[PDB]
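Position 1 is the first residue of the sequence, and the numbers go up from there. All ligand and atom numbering here is 1-based and tracks the order in the structure.
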Amino acid sequence: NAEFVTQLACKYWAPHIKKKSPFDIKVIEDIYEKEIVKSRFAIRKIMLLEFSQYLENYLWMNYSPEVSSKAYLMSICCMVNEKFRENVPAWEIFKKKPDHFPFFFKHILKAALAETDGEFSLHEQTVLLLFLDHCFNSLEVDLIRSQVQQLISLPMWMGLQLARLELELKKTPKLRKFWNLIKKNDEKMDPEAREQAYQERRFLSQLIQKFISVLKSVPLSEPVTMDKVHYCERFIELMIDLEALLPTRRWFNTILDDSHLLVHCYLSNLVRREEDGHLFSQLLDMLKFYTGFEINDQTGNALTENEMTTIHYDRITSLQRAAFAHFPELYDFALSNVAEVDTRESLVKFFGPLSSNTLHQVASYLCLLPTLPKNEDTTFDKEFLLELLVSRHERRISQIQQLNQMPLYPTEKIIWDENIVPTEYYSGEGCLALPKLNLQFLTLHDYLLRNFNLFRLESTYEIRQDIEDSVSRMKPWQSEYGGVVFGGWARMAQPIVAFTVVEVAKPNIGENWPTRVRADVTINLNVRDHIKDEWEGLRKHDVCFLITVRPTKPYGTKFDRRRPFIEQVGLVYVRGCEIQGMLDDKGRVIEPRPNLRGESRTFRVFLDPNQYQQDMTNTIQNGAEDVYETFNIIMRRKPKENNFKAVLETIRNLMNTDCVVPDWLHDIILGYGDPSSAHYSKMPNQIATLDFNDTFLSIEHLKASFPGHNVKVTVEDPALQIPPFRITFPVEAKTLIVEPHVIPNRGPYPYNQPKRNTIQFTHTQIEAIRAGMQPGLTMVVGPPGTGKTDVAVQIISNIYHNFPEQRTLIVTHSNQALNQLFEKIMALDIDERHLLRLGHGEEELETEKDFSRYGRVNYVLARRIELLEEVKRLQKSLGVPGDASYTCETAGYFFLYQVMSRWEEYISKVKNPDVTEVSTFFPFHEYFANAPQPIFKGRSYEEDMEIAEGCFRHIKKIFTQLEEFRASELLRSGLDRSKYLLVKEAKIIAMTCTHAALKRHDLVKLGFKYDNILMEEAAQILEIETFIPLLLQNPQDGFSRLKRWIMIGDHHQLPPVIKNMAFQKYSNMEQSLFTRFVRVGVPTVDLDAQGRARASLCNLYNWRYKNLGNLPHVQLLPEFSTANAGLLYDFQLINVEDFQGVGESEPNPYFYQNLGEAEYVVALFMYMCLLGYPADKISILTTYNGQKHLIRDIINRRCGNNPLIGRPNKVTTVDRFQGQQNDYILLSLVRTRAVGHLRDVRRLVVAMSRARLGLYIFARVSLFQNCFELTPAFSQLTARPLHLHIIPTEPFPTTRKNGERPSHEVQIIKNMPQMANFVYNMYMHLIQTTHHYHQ
Ligand SMILES: Nc1ncnc2c1ncn2[C@@H]1O[C@H](COP(=O)(O)OP(=O)(O)NP(=O)(O)O)[C@@H](O)[C@H]1O
Ligand SMILES: [Mg+2]
Ligand SMILES: [Mg+2]
C-alpha cells in the first residue's frame, strides 16, 4: 500500500502541493490500524510516513484534546521515534505549537502505565518506553523539561516506602524543610491539580512495578513472546539513561533502590535464558554499574575511596546494630569485625541458614521492606530476601579496579556479539548494550569510560572484518588426522609455524595479574617478496591477532562469505598481541637493520596480562584447555587503522591519573553548570591591557573593529596613530584606550624589520582574536571560507609576542590544516627556531620550510655554524687575537667578557650627552661596516641612541641564539636534539589529534609543558581525541598549567568519521566535543564573511549560519562577477529522469550508481573541455563511492586517449572533499528511490560549498524537494530551470558578466541523451577543424 500512504499524503498533507483536503481524523485512525499496526510496525511504512512529513503537516498541527485518541498518541510517538532513528530534528513542530503538548504528554504517561495486554499491546507500550526515553534524554528542550520536571524532582519521593522516606530525611536533615515546603504548597492546590501532581510524582515508581510484573511473566524454559523480551530490554535502557544523568538520577536513584528492581532482575527467569535474555543481561550489567556509581547524589561530586569505604562500613554497622538488638541467631555476626563479615561468602554463611521470615524481619529493620506482622509468613522468596541483604552489604571493588582488570583486546566472545559489536546492517529498531554521548556525564570517570568502551567496541568491528576476510582467504580445511591445511593464502595473515610463551612476570603488589607476558611467534615467509617485505615491516607496538581455527569442512569445500564465519572456518580463539620486535640470528630483539637469511621469521610479542591471567585461571580452575598452545594463524593489520590499543591504553592511564584539568573547564567538560563561565569576560584573571601588535593595519581599521565602543587614543597627532597598537579594556565602560607604540629597533639592517600581518580582519574576526589572547575558553564557529586559518595564526602570533614565556600547543585533525597554518605562520614575525611539528612519518613535506624534528635540528645546526662565524668576525673587528673557532660555550664567555663590558662602558658614557658622542664612542663600528652607511644620522641624540641600542640588540640576539643552540653540542644524536626542541626551545608545537593520542605517554615522560592550546577542524575531531590534548603534561603545584583553550571549527559541516554507522545511530559516537559544547550553550564567535566563492554560490549554504555574508573582495572583484563560458547560469540543479528504464542502480549491494546522471556529468565535463576550460579547474563530486567509480569508468571509456579532453583534478565523494575546493564542481546526487545520507544537512552544506565559481548538480529533483531538511537549499536551486542552459558558441574564457543578457544563442538541453548527442557532434566538428598533439 505504498500507493495508499502516498496518495493520502498527496491529498491531505504532502509538501509542494498548493491545496489540500481539510483535516480528517479518520485518516489518522485508518493509517494507524491498517498501515502501521497491521504491517506489524514495518519500518518502511513508518519511514514513508515520516519522510512525507506526516508529523509536521498532519498529526501535530491538528492535535487537540478533543480529537486525541490511542491511534493519535501512538502515531505521534512513532514519528518522533523514527526521527531519532534517522537522526533528524525530532521536536521542532512541538516547539512551534506548544499549546497542547502538556495534555499530550500526560496521556502518554497514562498509556505507558495502562494495564498489560489491555488497551495497549506490549509492543505499543515498548514504543512508548522508547519515546519516553527520548524525552528524558532531551531535557535541553524547555517544552519537554517543563513536563518532565514533576516526574523526577524531590516530590517523586512520595513513591518511596514510608520508612525509607523517613530514613532519608534523617540521613539528610536539611531535606526535611524542603519536604515540608512541598507539602505546604500542595495545600494551595485544587483537588484535580493535586491528583495530577501525585500521579506524576508516582509515575516512575509505578512504571517500575509494571516492569517487574512483565518481567515475572517470562517463563524459564517454555516459549516466550519476543514482545515481553523487548519491553524488558527497552525498560533497562530507560533505567540506565535516567541513572546516568544527574538531574534524573538525583532523586530517582533512591526510588530505584527502594524498589529492589536490580535484585529482581538478577534472579529473573529472563537473565537465566542464555539466548533470549543475553541482551537483557548485558543491559543489566550496565545498569548495575550506574546504580552503584561512585557519586554523591546530592552534591554531584565523585566519591573518594574513603567515602566509599565509610558508606560500606556504615551499612554493616547498622546491620550489626539490628542484629545485636533483635536476632540472637546473629549474635556472633553482630560482634565480629567488619572485614570478617562483609564478604559475599561470609554474608551467605551468616544469613543463608536463616528462615525467610527472619530475613524479611532483618530487611524491615533496615527500612528495606514493610514489617512482617506477628505470626505471618513472608510472601517473598528466600533467594530474593537473601540476595537483597547480601548484595546490599557485600564488599565492592571500585570502578578503577574494575577498569584495570579489563583486557585491551577483544576475544572471540566479543568480536561476533552484535549486541555490543553491531554490523552496519543495524536498523535501530532494537537497542544495544552501548554507552551514549549527548550533553552531560556524571563524573570524569563516567565521561572517560563511555569513550573508552565506545572506542573499544567500535574498533572491534573493523577487527571482525579484517579477521573474516584474511582467514577466509586462507581457506582452512580439514586434513588427516584431524589437522588443518590452508587451501589459500592471504596478504594480511600467515600460518603460525611455532608459538611459545617465554615470559610470565610476577604481579605488582596488589594487582592479581602478571606485569608482563611475552611470547615468541614464528612464521615461514614462503611468499612473494612484496609480502615478505611487509611482514618484515612490522615494528614495535604494532598489534597483531593470534587465531585458532579447527576447520569444519573437508578439503576443497567452497566458502560462502554470506554464511556465519565461525562455523565456516571453525573459529575457536582470538587473542591480541603487540610486537616487541623481530629476532635476529643472534637471538636479539631488533630495535642499520640486518639482512636475515632463510624464510623463517620469529617475533617476540606482548600478550595482554589480564587476558592471560583469566585464561590461566580458567584453565587451572575449570580444566579449560591452554589457549596459548593452540594458535595456528597470525594476522597483521594496516598501521593507520590499528591504533585502537594504544588509544585505549592512553584513556585508561588518564583514568588512573588525577586528571587535573583547569577548574574553570571541569564543569563545562562534564556538560553541566554555566556554559559561559569560561568566557574571557568572566575570567577573574582577564588581562586589562593587550598589545595587538600588527593586528590592525591602521587606526581606522582599529576603530572599525569595535562598532559598539568609544576609542580614545593616548596621542592626538594623527601621524603617530599608526600600528602597532596597545588596547586597554575597562572593568563610559564602552571606552577603549588605544596606545600606539614603536617597535624596538632591531639593528642597522632595514631588512631585519619584522614581517607584518596584511589581513584586514573584520570586527567579528577581531572578537575571536581578542578572545584567544585572553585566559579562558574561546570557541570560534567558522563557516566555509570565513578565514579560520588567518584568525588562528593571528592569535598564535599575538600570544607569541605578548607572552614570550608561554608555549602554545596546536592540534588539528589533518596534516593539511597544519600545512596551511605553517604556511601563514611563515609570513609573520615568528622565528622559525621557535617552531616545531610532530608527526609519525615519512609525511610529504608541503611547506617551504621543514618544521619536523629533522628539519628543525638541521636548521639549528646550520644556524649555529653561521652565528659562530659572526662571533669570529666580531672578535676580529674588535682587534682581539685568536685563531681558534668559537663554540657556543666560548661564544658565551666572549659575550660577557668582550661584548657586555664594551657596551656597559659605552652606556656609562653616553647614557648617564651629544649626538656626536653616540657615534664617537660606539664600540662596534667595524663589525657593522657591511651594513648600509652611515649607521648614525647625527640629527638628534634620541634617534642615534636608539640606533645604537638596536645594534646591540642585533648582536645580543646572535648570542641568545647560540646559548639556546649549546644543547646541540651537548647532545649528539638527532633524537636527543629533537627532545631539546620539544621540551625547551620551541614556543609553538603542532601535531594532529591522532599523533597526540599515540604520543601522550612519551610526552608526559619527557616533561612536555605548554600553556595554551589552539585547535582547528575541531568539529571533525572525536570527543575523546579532543579531551586528550588537554593532558599532554603533568599538573603544576596541583593545578593544570593550561591558561587558554581555543577551538576553531564548524559543527554545520561534517563530523568525525565513524566506520560503522551503527555506533552513530545508537550512541551518537560521531559527536565532537566542539559540537557538544555548542549544544551545551558555550558562547561562540561566529565568523560572518567568506572570501573564496561567489556570493550567489554562498547563498546555497549561508542560510545555515548566523549572519553569514561576504567579504568586500568577493563582492567587488571582477573574477567573482564573470560568468562561466558556455553556461548561462553560474549554478544549476539539473533534473535527470530514467535512462533505459533505470534510475538508481546497485550492481553490488550498497554500491549505488546512476548511469543517467554519470553519463550526463561526464558529457558536461567534455563539453567544458571542448570549450577550452582548464580541465584541472574542474572537479567531480558525488555522494556515493559506487557512482564515483562509475564516473571514473566513463571518463576512461569516453575520453580515453582524447587530446582535446583532459582529466578533472579529482573524481571523488563529497565526504572525501572536505576542506577542499575547485573553481568548478560537477555534482551527482545519484538517488531516485530514497534520499539517503544527504538528508544530513551537514553533508548538504559541504556539498554546496566546494565550488568557487561554478556548481552544477545532477539529481532526481522531485525526490530531494520532498525532504524537509533540504528545503532551504533546494528551494533556491529550483528557482532556476532544471534543464541545462548552454551557450556553445562562447569559448572559455569569456568576458560576459553574471547578470548581462548573453550575445550568443542559448540552447536548452532537456536530457542526458540530447547532451551526449550534442557533445559527440561538437567533438566530431572539432576533430575535423583542429588537431592537438601530446605524446
Ligand atoms: N578579514 C579578511 N579580509 C580580507 N581577506 C580575508 C579576510 N579573512 C579571510 N580572508 C581571505 O579569504 C580567503 C578565504 O579564506 P580561507 O582560508 O580559504 O577560509 P578558511 O576558514 O581559513 N578554511 P576553509 O573554510 O576551508 O576555506 C583567504 O584567502 C583568506 O586569506
Ligand atoms: Mg528549546
Ligand atoms: Mg582551512
Exercise for review: Consider ligand 1: state whether an atom of it lies below 4.0 angstrom from any non-hydrogen atom of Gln1090.
Suggested key: no

Check your understanding: Hey, which atoms in ligand 1 end up nearer than 4.0 Å to a heavy atom of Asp790?
Key -> 9 (C), 30 (C), 31 (O)

Exercise for review: Please work out which of the three classes, parallel, tilted or perpendicular, describes the rings of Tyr63 and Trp60, given edges at 30° and 60°.
Suggested key: parallel

Review point. Pick one: which of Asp1088, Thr786, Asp1050, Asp1086 meets side chain to side chain donor-acceptor pair (under 3.5 Å) with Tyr1105?
Key: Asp1050

Exercise for review: Answer yes or no for atom 29 (O) of ligand 1: protein heavy atom present at a distance under 4.0 Å?
Suggested key: no

Practice item. Go through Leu1022 and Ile1058 one step at a time and tell me if the side chain to side chain contact (heavy atoms under 4.5 Å, CB included) criterion holds. Key: CA-CA 9 Å; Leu1022 287 170; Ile1058 298 299; 3.9 Å; yes

Check your understanding: Can you list the ligand 1 atoms lying under 4.0 Å from a non-hydrogen atom of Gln760?
Key -> 1 (N), 2 (C), 3 (N)

Practice item. Specify side chain, backbone, both or neither for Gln820, according to which of its non-hydrogen atoms lie closer than 4.0 Å to ligand 1. Key: neither

Review point. Between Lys987 and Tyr800, is NZ or CZ placed under 6.0 angstrom from the six-membered ring centre and within 45° of the ring axis?
Key: yes

Practice item. Just jot down the ligand 1 atoms closer than 4.0 angstrom to any heavy atom of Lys788, in number order. Key: 20 (P), 21 (O), 22 (O), 23 (N), 24 (P), 25 (O)

Exercise for review: For side chain to side chain contact (heavy atoms under 4.5 Å, CB included), just list the numbers for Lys1188 and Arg1216, CA-CA rounded to whole Å, side-chain angles, deciding distance to a tenth of an Å, and then say yes or no.
Suggested key: CA-CA 11 Å; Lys1188 180 194 70 175; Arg1216 293 185 189 177; 3.0 Å; yes

Review point. Could you go step by step and tell me if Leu245 and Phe136 meet the side chain to side chain contact (heavy atoms under 4.5 Å, CB included) rule?
Key: CA-CA 9 Å; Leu245 176 69; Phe136 287 109; over 6 Å; no

Review point. Which of the atoms in ligand 1, numbered in the order shown and given with their element, are less than 4.0 Å from a heavy-atom of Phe761?
Key: 1 (N)

**Study point:** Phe101 and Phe94 aromatic ring geometry - parallel, tilted or perpendicular at 30°/60° bounds
**Key:** perpendicular

Study note, to complete from the structure: If you scan protein heavy atoms around atom 13 (C) of ligand 1, the nearest is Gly1091 O, 3.7 Å

Exercise for review: Answer yes if the side chains of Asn693 and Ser797 hold a donor-acceptor pair under 3.5 Å, and no otherwise.
Suggested key: no

Exercise for review: Would you mind finding which of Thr789, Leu1111, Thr764 brings a heavy atom closest to atom 17 (O) of ligand 1?
Suggested key: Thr789

Practice item. With heavy atoms of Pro784 as the reference, note each atom of ligand 1 found under 4.0 Å away. Key: 25 (O)

**Study point:** Within reach of ligand 1, part of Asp1050 (heavy-atom separation under 4.0 Å)
**Key:** neither

Point to revise | Closest candidate by heavy atom, reference atom 24 (P) of ligand 1, pool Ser1249, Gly785, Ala1093, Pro783 | key: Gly785

Check your understanding: Do the rings of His1113 and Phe1120 sit parallel, tilted or perpendicular, given the 30° and 60° boundaries?
Key -> tilted

Point to revise | Atoms in ligand 1 flagged as close to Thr786, the criterion being non-hydrogen separation under 4.0 Å | key: 19 (O), 21 (O)

**Study point:** Structural part of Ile759 in contact with ligand 1, heavy atom criterion under 4.0 angstrom
**Key:** side chain

Point to revise | Atoms of ligand 1, numbered as shown, that sit under 4.0 Å from any heavy atom of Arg1092 | key: 27 (O)

